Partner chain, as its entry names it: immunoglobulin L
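One chain comes next, on its own, written as structure tokens: the form deposited without the partner chain.
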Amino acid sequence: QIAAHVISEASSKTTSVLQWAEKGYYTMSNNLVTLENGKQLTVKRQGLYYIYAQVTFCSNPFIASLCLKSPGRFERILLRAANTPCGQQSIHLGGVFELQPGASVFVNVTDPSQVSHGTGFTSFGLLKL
């Protein structure tokens, strides 16, 4: 069975792209999915994947985005959710998408500083169907 579940970490850099860590409660033994550069999940096998994120952030429009990338292919949106305590809320994204070997999915946000990083807060993962 092919699945990764990965957890948020403060990005350090500039971008809208969230940075993730292999801090999960499961061991992706397989390698059929990998976390590259703490930014993206890259799969090795072609398939129908259920892909998800949860993004927890502080308020005071906020948009999370699940995107798809591949060598030779500009980034492309798969999913987007908008939202309008410390104002704290959650965006959840999830869907089925067909993925090819080498493909990567990643998450990006309008404001990375607003987001809450701990385990239990912001995650991102998938599982092959």
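Shifts are known only where both forms have a C-alpha. Numbering follows the first chain given and starts at 1. Just so we're on the same page, rigid core means the largest C-alpha set that superposes within 1.5 Å between forms.
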- Might you work out how many residues are unmodelled in the deposited sequence between residue 60 and residue 61, and answer none, 1 to 3, 4 to 9, or 10 or more? 4 to 9
- Looking at residue 31 and residue 32, the deposited sequence has unmodelled residues in between totalling none
- Stretch exceeding the other in mean C-alpha B-factor - 85 to 93, 61 to 69: 85 to 93
- Message: Per the record, averaged over C-alpha atoms, which has the higher B-factor: 70 to 78 or 22 to 30?
- Response: 22 to 30
- Which third of the chain does residue 105 land in by C-alpha B-factor: lowest, middle or highest? lowest
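The same protein also exists as the form solved in complex with the partner chain; that form is not shown, yet it is the one meant from here on.
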- Query: Counting only heavy atoms, which residues in 24 to 43 are within 4.5 Å of the partner chain in the entry with it bound?
  - Reply: 24, 26
- Query: Superposing on the rigid core, do we see a C-alpha displacement of 2 Å or more at residue 95 between the shown form and the other one?
  - Reply: no
- Query: With both forms fit on the core, is the shift of the CA atom of residue 28 between the shown form and the other one 2 Å or larger?
  - Reply: yes
- Message: Does residue 70 shift between the shown form and the other one by 2 angstroms or more at the C-alpha, the core having been superposed?
- Response: yes
- Are residue 24 and residue 52 closer or farther apart at the Cα level in the entry with it bound than shown, by 3 Å or more? farther
- Given a CA distance change of at least 3 Å, are residue 24 and residue 47 closer or farther in the entry with it bound? farther
- Tell me, which consecutive runs of three or more residues change place between the shown form and the other one by 2 Å or more at the CA, with the core overlaid? 24 to 30, 70 to 72
